[PDB]
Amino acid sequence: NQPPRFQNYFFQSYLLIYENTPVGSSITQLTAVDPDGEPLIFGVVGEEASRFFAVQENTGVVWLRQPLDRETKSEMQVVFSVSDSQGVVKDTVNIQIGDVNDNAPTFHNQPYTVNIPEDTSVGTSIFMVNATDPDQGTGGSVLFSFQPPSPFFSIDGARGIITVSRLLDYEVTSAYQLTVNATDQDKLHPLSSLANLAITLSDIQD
């Protein structure tokens, strides 16, 4: 009798699972050859691995029990087993959790309020919003815009810095309620959030 050998590619590299894979899905199917032709018994090994993965003994079908979150963990060293009548063979798989864009930008330091004189010069910086996003690359790069846009104030797309555009007038408008949108730059499925910005103006005697 000669022992069984695993055949799948990912003992040789890694296995990519996207974090959005739903509970009960088939990840993959373990395959093994035995020179003796005898039937084999597949399983998983390890306290951590067994909580996330179940293995059907005869098929070697691996399925997901608990959900994956790239934001908690992005790598797992998992051990699989395959057994004939003479004993157990074990090999480790490096599992990589692929990121999806499943978080939207979070605004910090809210709420946002501003109090400036009506005679504030054009060009003047008057606030800076900030947001973060835990997703990877484009999914976690944030752009800021006003929605709707304002003829009187503008916001730098990358830095979130707010400046005066046109001369202000308390006698006409003493206060502005603006909405800042924060969007990630995910190509396929982009996500966004809104923050209020309150600009009250104080009167000069002009």
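For every residue, the number given is its place in the sequence shown, counted from 1.
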| property | result |
| --- | --- |
| Comparing 113-121 with 67-75, the one whose average Cα B-factor in the PDB entry is higher | 67-75 |
| Out of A32, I41, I161, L167, residue topping the C-alpha B-factor column of the entry | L167 |
| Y14 - which third its CA temperature factor falls in, relative to the rest of the chain | lowest |
| Third of chain Cα B-factors occupied by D91 | middle |
| Where the record places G140 (Cα B-factor, split into thirds across the chain) | middle |
| For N101, the third of its chain into which the C-alpha B factor falls | middle |
| Chain-relative CA temperature factor third for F146 | middle |
